[PDB]
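Geometric and topological summary
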Amino acid sequence: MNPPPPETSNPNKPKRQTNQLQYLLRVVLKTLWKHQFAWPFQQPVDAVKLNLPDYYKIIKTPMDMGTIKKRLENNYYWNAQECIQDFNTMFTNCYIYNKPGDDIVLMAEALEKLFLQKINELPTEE
Ligand SMILES: CCOC(=O)Nc1cc(-c2ccc(C)c(NS(C)(=O)=O)c2)nn2c(C)nnc12
């Protein structure tokens, strides 16, 4: 079975809309989402569909760009670090679960190289 997806809505969690979070949506997420290699990362890993009952035994902090997109569009975050951590969790989960050189790892590595380039240019808070 698949676990429930990560939280994307919680009225108890305090929220902000900042210029760094806007950059994460309008520059970072947009660039990565349109990459040719983005598609396996655009929704939670579907262990049922892939017949991978082991995935959620190994990966206990799942994350994906569909969840991140919802968090950004629905103003779930307080700060940019929360969102950057989600991206980093997504990449590291892929490297933990899969073998070096696997197609999915090469795809994640291409997205991560672009992510790092965009994050290096993160604007100062206004
Ligand atoms: C032991 C074999 O290892 C794997 O198959 N690994 C991985 C596979 C895929 C993957 C493939 C095909 C499809 C159709 C999907 N779609 S989805 C997002 O709905 O689940 C995902 N994503 N993936 C991610 C992220 N991280 N690892 C993997």
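Residues numbered from 1 in each chain as written, not as in the entry; some residues may be left out. Heavy atoms only, no water.

Under the annotation held in the PDB entry, the protein chain carries the name Bromodomain-containing protein 4 and is attributed to Homo sapiens. The title line of the PDB record says "Crystal structure of the first bromodomain (BD1) of human BRD4 bound to bromosporine".

1. So, the pattern of salt bridges
To keep things clear, this is the line we draw: Any carboxyl oxygen of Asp or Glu that lies within 4 Å of a side-chain nitrogen of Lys or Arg is treated as forming a salt bridge with it. Runs of E in the DSSP output that reach at least two residues are strands. Runs of H or I that reach at least four are helices, and both are numbered from the N terminus. Exposure classes here rest on a 1.4 Å probe applied to the protein chains alone. A residue is buried below 20% of its type maximum, exposed above 50%, and partly exposed in between.
Across all of its chains, the model carries 3 salt bridges by this definition. Close ionic contact of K69 with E73 constitutes a salt bridge, the shortest N to O distance being 3.0 Å. Taken together, the positions of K69 and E73, both in helix α4 (residues 65-73) and 4 residues apart, correspond to about one turn of that helix. The exposure class of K69 is partly exposed, given its relative accessible area of 27%. Given the relative accessible area of 43%, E73 is considered partly exposed. For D86, the salt bridge identified is with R71, shortest N-O distance 2.8 Å. On the criterion of sequence distance, the pair formed by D86 in helix α5 (residues 80-97) and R71 in helix α4 is long-range, its members being 15 residues apart.

2. Examining helix α1 (residues 19-33)
How we decide: A helix is expected to span 1.5 Å multiplied by its residue count minus one. What we call the bend at a residue is the angle made by axes fitted to the seven residues finishing there and the seven residues starting there. Residue contacts are counted whenever heavy atoms from the two residues lie within 4.5 Å of one another.
With 15 residues, α1 ought to run about 21 Å at 1.5 Å a step, and its terminal C-alpha atoms sit 20 Å apart, in line with that. Its maximal kink placed at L25, α1 deviates by approximately 30 degrees. For α1, the complete set of buried residues consists of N19, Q20, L21, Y23, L24, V28, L29, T31 and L32. Residues of α1 that are buried sit in contact with α4, α5 and α6 (103-120).

3. Examining the side chain of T67
Within the secondary structure, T67 is located in helix α4. Looking at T67, the relative accessible area reads 4%, which means it is buried. In this structure, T67 is in contact with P6, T8 and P44, ignoring residues within four places of it in sequence.

4. Comments concerning the packing of aromatic side chains
Using the following cut-off: Side-chain rings of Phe, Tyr and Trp (the six-membered ring for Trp) are treated as a pair once their centres are within 6.5 Å; stacked means planes under 30 degrees apart, edge-to-face means over 60, and tilted covers the remaining angles. Whether a charge sits over a ring comes down to the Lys NZ or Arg CZ being within 6 Å of the ring centre and within 35 degrees of the ring normal.
Scanning the model with the defined rule gives 5 aromatic pairs in all. Their ring planes at 65 degrees and their centres at 4.8 Å tell us that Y55 and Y97 sit as a pair that is edge-to-face. One end of the pair, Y55, is in helix α3 (residues 55-58); the other, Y97, is in helix α5, with 42 residues separating them in the sequence. Taking the relative accessible area as the measure of exposure, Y55 reaches 7% and is therefore buried. A cation over a ring is seen here: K13 above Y76, with NZ or CZ 4.7 Å from the ring centre.

5. Looking at the site of the ligand
Short version of the rule: Note on terminology: near, applied to a residue and a molecule or strand, indicates that one of the residue's heavy atoms is within 4 Å of it. Counting of polar contacts relies on pairs of N or O atoms within 3.5 Å, with two restrictions inside protein: one atom must be capable of donating a hydrogen and the other of accepting it, and residues adjacent in sequence are counted only when both atoms are side-chain atoms. Only the protein chains shown count as covering a residue, and every accessible area follows the Shrake-Rupley method with a 1.4 Å probe. When residues are grouped by polarity, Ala, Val, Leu, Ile, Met, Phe, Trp, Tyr, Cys and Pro land in nonpolar, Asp, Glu, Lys and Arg in charged, and all others, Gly among them, in polar.
In the neighbourhood of the ligand, 14 residues make up the surrounding shell, with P40, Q43, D46, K49 and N98 lying closest. Separating an oxygen atom of the ligand from a backbone N or O atom of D46 is a distance of 2.9 Å. Considering the ligand on its own, with 620 Å² of exposed area, one finds that the protein chains cover 73% of that surface. Among the elements of the structure, α2 (47-50) and α5 are those that each provide at least two residues to the shell around the ligand. When the residues that make up the shell around the ligand are grouped by side-chain class, the tally is 10 nonpolar, 2 polar and 2 charged.

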